[PDB]
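In the form deposited in one PDB entry, a lone chain appears below as structure tokens.
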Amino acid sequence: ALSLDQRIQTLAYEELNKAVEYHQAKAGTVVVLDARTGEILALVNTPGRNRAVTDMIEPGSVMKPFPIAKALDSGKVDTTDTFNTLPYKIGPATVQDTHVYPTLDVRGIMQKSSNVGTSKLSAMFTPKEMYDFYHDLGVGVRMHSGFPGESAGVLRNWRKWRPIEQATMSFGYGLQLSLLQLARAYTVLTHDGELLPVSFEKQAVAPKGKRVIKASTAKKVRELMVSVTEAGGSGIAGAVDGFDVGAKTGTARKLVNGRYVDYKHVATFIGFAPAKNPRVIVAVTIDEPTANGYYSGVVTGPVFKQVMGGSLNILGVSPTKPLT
């Protein structure tokens, strides 16, 4: 039997279509995963191929939790550690934030989506250490979901990395993943540090995962990510009434469309809830929005909010705080 829940599939389809129409976008995808099993509860695309598995993107901001997790897991960084987050140079290249802050701690780096802060955390590790970590998350790795045309994405050999490329990878550029690979990678955060296999078939036994970080680290990262959907957070448009939600949002770049070259901006939102004890991962992409907003949170947050809220309701999960 398929793991897909027709109620969630219908909800995802309707909310996706609503956003694609409103923002006059080219295409879109929603993936909903069981956060503790890797089973696909919904997977919808606009008409055409199964872009969730075929289309790889440079993920942008949604990748940031991972170098943060690696840094915390290593013991080299504490959540309260503060970093100089002013723009800086690597050779002639500049790494800078959208909103400039002189200093941020790790919670702030997550909350504000700081490219500088994330790059500095990554810079504490060798190219090999970072590559091995990204590889362990499934970047450049086949999922073997049994979907046809499944992209492995791109993770360049660390032996070829320049310092600027290590830096840009930490904030989601210079490596490429499909939306389903991104959703899968988020299971390290939701399933207490263990990467789950992805399946569209109902699983008869407990899927065993590969441990990537400690469970304590995964828990701390989920906590940090709640700041993204609270006041002051880059992902407020994706807050879900009655729940705490860990999430990231940002603009990804599509360089490959099917079997062809491309260059498109893709609004992205991915997250999980309830944040302390997650049941669901929802991931959303909308390709080339051209109306009523072009910043990613406003385009995709509302899709995430409705799909997440509705999925939790459908599965019977009680709100953890009174509704506003």
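Residue positions are given as counts along the sequence shown, with the first one as 1. Here the rigid core means the biggest group of C-alpha atoms that line up within 1.5 Å when the two forms are laid on top of each other.
Omitted here: the form deposited in another entry. The next part is about that form.
Chemist: Of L196, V228, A252, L121, which one has a Cα that moves 2 Å or more between the shown form and the other one once the core is lined up?
Modeler: Among the listed residues, the one whose C-alpha moves by 2 Å or more is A252.
Chemist: Taking the rigid core as the frame, does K26 move its C-alpha by 2 Å or more between the shown form and the other one?
Modeler: No; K26 is a residue whose C-alpha shifts by less than 2 Å between the shown form and the other one when the cores are overlaid.
Chemist: Is there a C-alpha shift of 2 Å or more at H265 between the shown form and the other one once the rigid core is superposed?
Modeler: Result for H265: yes, a 2 Å-plus shift.
Chemist: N257 and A25: do their C-alpha atoms lie closer or farther in the other entry than in the form you see, with a change of 3 Å or more?
Modeler: It is farther: in the other entry, the C-alpha atoms of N257 and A25 lie at least 3 Å more apart than they do here.
Chemist: Once you compare with this form, do the C-alpha atoms of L41 and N257 lie closer or farther in the other entry, given a change of 3 Å or more?
Modeler: Farther: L41 and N257 separate by 3 Å or more in the other entry.
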